[PDB]
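Asker: Please see the structure below; I have some questions.
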Amino acid sequence: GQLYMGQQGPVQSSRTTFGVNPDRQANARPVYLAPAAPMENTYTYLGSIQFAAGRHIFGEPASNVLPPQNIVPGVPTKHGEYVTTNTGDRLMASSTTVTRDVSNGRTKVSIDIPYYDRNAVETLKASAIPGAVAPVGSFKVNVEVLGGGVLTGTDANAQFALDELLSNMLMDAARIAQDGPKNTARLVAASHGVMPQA
Amino acid sequence: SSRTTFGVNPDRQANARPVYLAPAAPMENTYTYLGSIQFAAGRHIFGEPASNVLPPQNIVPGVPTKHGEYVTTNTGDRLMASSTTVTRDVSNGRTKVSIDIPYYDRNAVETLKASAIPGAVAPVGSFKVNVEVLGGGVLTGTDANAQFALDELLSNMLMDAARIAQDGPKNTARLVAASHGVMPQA
Amino acid sequence: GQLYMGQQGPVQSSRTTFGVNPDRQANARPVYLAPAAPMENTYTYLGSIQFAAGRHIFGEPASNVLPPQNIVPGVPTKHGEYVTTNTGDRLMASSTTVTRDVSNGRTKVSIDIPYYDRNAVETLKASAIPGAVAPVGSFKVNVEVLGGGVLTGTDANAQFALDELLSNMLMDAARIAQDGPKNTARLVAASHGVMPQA
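Residue numbers (the entry's author numbering), protein chains in the order written: chain AS, 11 to 208; chain AU, 23 to 208; chain AA, 11 to 208.
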């Protein structure tokens with residue numbers, strides 16, 4: 011490679027793999043599985059807008075905090091679900107689901123909430139029809155933490171520090187995801203991004 | 023594969039960075055001077071542009087291009103409309119702006135005017151000026167903020183180069199029909 | 011050879027003979043030659059056991075300190091002998107000898123003392139026979155100092171320090187030679203060594 015001046019004389023710079031231990035520690039670490047899933051932020055906002063945005067009408071949950079669906083204390087699982095059942099006036103009750111998959115150092119949490127056709131629901135109310143409406147679609151939010159491949163000398167204590175580091179990256183990621191003025195479009199029906207000049 | 027390096031690491035950053043493209047080309051300096059000399063020097067007569075700022079001809083907003091042109095039309099008495107062109111090429115970290123303005127034969131133009139005869143005249147030649155910035159080879163460590171700093175560094179070298187090119191008394195020959203360069207004594 | 015990390019980069023370890031001066035100084039050094047040989051330790055012990063151990067009867071020396079036999083002051087020799095003559099009751103007198111050889115940096119001192127057949131001597135005394143007994147065998151002890159090949163920069167003064175170093179190794183060697191309890195066999199008629207477990 012390039013040439014520089016060492017005390018022996020002019021010496022060639024060199025790039026070597028000598029002295030780098032890339033060995034990894036196996037993803038064999040049991041992790042804490044919450045006994046319920048708190049959806050407080052989303053449901054307080056849904057109470058704020060009165061469970062209706064435009065033509066999307068939403069169901070009222072059973073609880074702001076979701077109970078486990080297929081998780082039992084003391085039984086290890088790689089897939090766990092929490093669920094409640096949204097209900098509403100002239101709405102067929104429909105479940106809202108929070109899924110957690112923990113495999114090979116990869117943790118992934120997904121949230122799926124359904125909605126209904128407000129045009130149909132208000133037609134039902136206004137002309138005094140006796141039927142109900144089934145869900146029309148959903149919205150989904152996924153979050154993923156790739157925490158595999160810790161190094162071999164990673165202390166049992168230092169894995170907790172790494173835990174907190176990843177959780178702070180999580181917070182930063184969601185903030186960057188929703189960052190922006192609420193005067194302007196930023197999430198739904200997205201086509202492309204346009205950052206403003208000033 | 024991760025390797026520890028002793029000495030210089032020459033890894034360069036790939037030339038894969040979009041750059042800002044002006045929505046129009048301002049030519050204010052040259053056209054104000056052309057108005058100053060009444061669009062005529064010696065036997066060279068020039069045409070009057072439609073605008074001092076040239077609109078894009080083949081550039082569409084939001085569409086990346088590696089070659090773009092701004093253009094206007096010079097018109098004149100007893101003259102055939104001739105376009106003045108500003109070309110910008112961006113490729114592989116090298117960005118180059120060229121300016122081409124045509125001229126006409128003043129003897130033909132004023133002979134027609136003085137003879138009151140139907141002829142009109144086309145351009146005889148042009149003058150061209152090129153400017154080139156070789157910005158490739160950014161090192162690996164450089165982040166975006168540092169790249170902005172390098173942007174401004176190159177633009178300052180640009181200004182220095184133009185000043186060094188035009189440097190000299192206006193009493194004396196310095197650009198056109200150049201044969202060689204000579205330095206004065208004391 | 012093996013690989014290690016030097017400031018130039020990964021560097022191969024190397025073993026060279028560069029910068030080692032093994033030149034030696036010739037063994038051309040006159041040494042002191044004692045004017046007599048003191049055998050005080052052995053002869054005081056021989057007085058202790060009354061010049062008799064088992065069937066080995068020993069002669070009584072002329073002197074505890076032996077005079078030179080072929081050494082003359084101011085004459086350089088590479089071989090010198092000291093001697094006295096043991097005598098005894100009904101014993102034909104017999105010489106005890108101490109030999110010193112000094113050649114080419116190697117000093118060697120040997121001691122040879124004879125003994126007689128006590129069975130024969132006490133037969134003579136007991137049945138009142140008029141004859142005498144001649145020596146029957148001997149015991150010998152050798153000591154050797156290989157002090158050749160001093161280095162070239164060895165100062166004349168430092169050769170005295172080396173002298174004393176070798177003499178201290180001598181003392182340590184004799185102590186290791188006779189080391190051991192006197193309850194147990196350690197020197198004569200030796201067949202092999204057996205160091206005790208505890």
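We treat Cβ as the ideally placed atom computed from N, Cα and C, and that holds for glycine.
Could you check the C-alpha separation between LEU197 of chain AS and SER105 of chain AS for me, to the nearest Å?
Answerer: Numbered from 1 along the first sequence, position 187 holds the residue referred to as residue 197 of chain AS. Numbered from 1 along the first sequence, position 95 holds the residue referred to as residue 105 of chain AS. For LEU197 of chain AS and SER105 of chain AS, the distance between alpha carbons rounds to 24 Å.
Asker: Have a look at AS:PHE149, AS:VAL160 and AS:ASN80 and flag the residue whose alpha-carbon is nearest the alpha-carbon of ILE67 of chain AS.
Answerer: Translated into the one-based positions of the first sequence, residue 67 of chain AS becomes position 57. Ranking AS:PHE149, AS:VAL160 and AS:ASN80 by Cα distance to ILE67 of chain AS puts AS:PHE149 first.
Asker: Does residue 236 of chain AA come within less than 8 Å of chain AS when only Cβ atoms are used?
Answerer: Outside the shown range of chain AA (11 to 208) lies residue 236 of chain AA, about which nothing can therefore be said.
Asker: Name, going along the chain, the residues of the region 139 to 163 of chain AS whose beta-carbon falls closer than 7 Å to a beta-carbon of chain AU.
Answerer: Hits within the stretch: zero.
Asker: Which residues, in order along the region 30 to 50 of chain AU, keep a beta-carbon less than 8 Å from a beta-carbon of chain AS?
Answerer: Here the close residues are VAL30, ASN31 and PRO32.
Asker: Between which residues of its own chain and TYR126 of chain AU is the CB-CB distance below 7 Å, once the five residues before and five after are set aside?
Answerer: Residue mapping note: residue 126 of chain AU aligns to position 104 of the second sequence, counting from 1. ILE67, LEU101, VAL143, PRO145 and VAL146.
Asker: For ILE81 of chain AS, tell me which candidate among AS:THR52, AS:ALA138, AS:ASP111 and AS:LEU56 has the shortest Cα-Cα distance.
Answerer: Position 71 of the first sequence, counting from 1, holds the residue named residue 81 of chain AS. Residue AS:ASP111 is the option with its Cα nearest to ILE81 of chain AS.
Asker: For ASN96 of chain AU, report the span of its beta strand (DSSP E) as first-last.
Answerer: Here residue 96 of chain AU is taken as the residue at index 74 of the second sequence, counted from 1. It spans 89 to 97 - the beta strand (DSSP E) in which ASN96 of chain AU sits, taken as one unbroken run.
Asker: Can you find a CB in chain AA that lies within less than 8 Å of the CB of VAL21 of chain AS?
Answerer: On the first sequence, residue 21 of chain AS is found 11 positions in, with the first residue counted as 1. It does: the Cβ of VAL21 of chain AS has a partner Cβ on chain AA nearer than 8 Å.
Asker: Locate the alpha helix (DSSP H) running through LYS135 of chain AS, then write down its first and last residues.
Answerer: For this step, residue 135 of chain AS is matched to residue 125 along the first sequence. Counting along the chain, the alpha helix (DSSP H) containing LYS135 of chain AS begins and ends at 128 to 136.
Asker: Compare the C-beta of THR117 of chain AU against all C-beta atoms of chain AS and say whether one is closer than 8 Å.
Answerer: On the second sequence, residue 117 of chain AU is found 95 positions in, with the first residue counted as 1. Cβ-Cβ to chain AS under 8 Å: no for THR117 of chain AU.
Asker: Since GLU70 of chain AA is in the alpha helix (DSSP H), which residue starts that stretch and which ends it?
Answerer: Within the third sequence, residue 70 of chain AA is the residue found at index 60, counting from 1. From DSSP, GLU70 of chain AA is part of no alpha helix (DSSP H); its letter is neither H nor E.
Asker: Considering only the alpha carbon of each residue, which of AA:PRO83, AA:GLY190 and AA:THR109 lies closest to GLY90 of chain AA?
Answerer: The count along the third sequence starts at 1 and reaches residue 90 of chain AA at position 80. The shortest C-alpha separation from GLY90 of chain AA is found at AA:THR109.
Asker: On the DSSP letters alone, give me the boundaries of the beta strand (DSSP E) that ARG196 of chain AA sits inside.
Answerer: The residue labelled residue 196 of chain AA in the question sits at position 186 within the third sequence. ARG196 of chain AA -> no beta strand (DSSP E), and no H or E assigned at all.
Asker: Looking only at C-alpha atoms, which of AA:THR87, AA:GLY84 and AA:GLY57 sits nearest to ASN74 of chain AA?
Answerer: By 1-based counting over the third sequence, the position of residue 74 of chain AA is 64. Answer by Cα proximity: AA:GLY57.
Asker: Would DSSP call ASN51 of chain AS helix, strand or coil?
Answerer: Numbered from 1 along the first sequence, position 41 holds the residue referred to as residue 51 of chain AS. Correct three-state label for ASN51 of chain AS: helix.
Asker: How many Å lie between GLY11 of chain AS and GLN207 of chain AU at the Cα?
Answerer: As a working note, residue 11 of chain AS is residue 1 in the first sequence. As a working note, residue 207 of chain AU is residue 185 in the second sequence. Whole-angstrom Cα-Cα distance: 47 Å.
Asker: Nearest-angstrom Cα distance between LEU180 of chain AA and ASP189 of chain AA?
Answerer: Residue numbering aside, residue 180 of chain AA sits at position 170 when the third sequence is read from its first letter. Residue numbering aside, residue 189 of chain AA sits at position 179 when the third sequence is read from its first letter. So the two alpha carbons sit approximately 14 Å from each other.
Asker: Shortest alpha-carbon distance to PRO71 of chain AA belongs to which of AA:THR95, AA:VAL119 and AA:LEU13?
Answerer: Taking the first residue of the third sequence as 1, we reach residue 71 of chain AA at position 61. Of the listed residues, the one whose Cα sits closest to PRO71 of chain AA is AA:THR95.
Asker: Measuring straight from C-alpha to C-alpha, what distance separates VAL204 of chain AA and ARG185 of chain AA?
Answerer: Start at 1 with the first residue of the third sequence, and residue 204 of chain AA comes out as number 194. Start at 1 with the first residue of the third sequence, and residue 185 of chain AA comes out as number 175. If I take the Cα positions, the gap works out to 18 Å.
Asker: Assuming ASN51 of chain AS contacts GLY158 of chain AS (C-beta within less than 8 Å), just tell me the rounded distance between them.
Answerer: In the first sequence, counting from the first residue as 1, residue 51 of chain AS sits at position 41. In the first sequence, counting from the first residue as 1, residue 158 of chain AS sits at position 148. Not confirmed; about 29 Å, so no contact.
Asker: Does the Cβ of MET15 of chain AA have 16 or more other Cβ atoms within 10 Å, making it buried, or fewer, making it exposed?
Answerer: Start at 1 with the first residue of the third sequence, and residue 15 of chain AA comes out as number 5. Exposed, by the Cβ-count rule.
Asker: If you follow the alpha helix (DSSP H) that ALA103 of chain AS is part of, which residue opens it and which one closes it?
Answerer: Walking along the first sequence from the start, residue 103 of chain AS turns up at place 93. First-last for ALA103 of chain AS: 101 to 113, but that is the beta strand (DSSP E), not the alpha helix (DSSP H).
Asker: How far does the alpha helix (DSSP H) with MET179 of chain AS in it reach, from first residue to last?
Answerer: Numbered from its first residue, the first sequence carries residue 179 of chain AS at position 169. First-last of the alpha helix (DSSP H) with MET179 of chain AS: 168 to 188.
Asker: Buried or exposed, going by whether 16 or more other CB atoms sit within 10 Å of the CB of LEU156 of chain AS?
Answerer: Counting from 1 along the first sequence, the entry for residue 156 of chain AS is found at position 146. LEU156 of chain AS should be labelled exposed.
Asker: Once you ignore the five residues that flank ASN114 of chain AU on each side, which residues in its own chain have a CB closer than 8 Å to its CB?
Answerer: Translated into the one-based positions of the second sequence, residue 114 of chain AU becomes position 92. Hits under 8 Å: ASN37 and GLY158.
Asker: Cβ atoms of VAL119 of chain AU and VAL93 of chain AU: under 8 Å apart, would you say?
Answerer: Start at 1 with the first residue of the second sequence, and residue 93 of chain AU comes out as number 71. Start at 1 with the first residue of the second sequence, and residue 119 of chain AU comes out as number 97. Not a contact, by the Cβ cut-off of 8 Å.
Asker: Report the partner residues of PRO78 of chain AU according to the DSSP bridge assignment.
Answerer: Locating residue 78 of chain AU in the second sequence gives position 56, counting from the first residue. Looking at the DSSP assignment, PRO78 of chain AU forms a beta bridge with AU:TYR92.
Asker: For the ligand SAH, I want to know if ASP173 of chain AA counts as a neighbour, meaning its beta carbon is within less than 7 Å of at least one of the ligand's heavy atoms.
Answerer: Here there are no bound small molecules, and the ligand SAH is not part of this structure.
Asker: Determine the burial state of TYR53 of chain AU: buried for a count of at least 16 other Cβ atoms within 10 Å of its Cβ, exposed for fewer.
Answerer: Translated into the one-based positions of the second sequence, residue 53 of chain AU becomes position 31. Classification for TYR53 of chain AU: buried.
Asker: State buried or exposed for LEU76 of chain AS, treating a residue as buried only when at least 16 other CB atoms are found within 10 Å of its CB.
Answerer: Position 66 of the first sequence, counting from 1, holds the residue named residue 76 of chain AS. Buried: at least 16 other Cβ atoms inside 10 Å.
Asker: Going along the region 58 to 85 of chain AU in order, which residues come within less than 8 Å of chain AS, judged by CB to CB distance?
Answerer: Answer in chain order: no residues at all.
Asker: Any beta carbon of chain AS sitting closer than 8 Å to that of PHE170 of chain AU?
Answerer: Here residue 170 of chain AU is taken as the residue at index 148 of the second sequence, counted from 1. No - not a single Cβ of chain AS is within 8 Å of the one on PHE170 of chain AU.
Asker: Please report the straight-line C-alpha distance between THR87 of chain AS and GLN169 of chain AS, rounded to a whole angstrom.
Answerer: The sequence position of residue 87 of chain AS within the first sequence is 77, counting from 1. The sequence position of residue 169 of chain AS within the first sequence is 159, counting from 1. Answer to the nearest angstrom: the Cα atoms are 21 Å apart.
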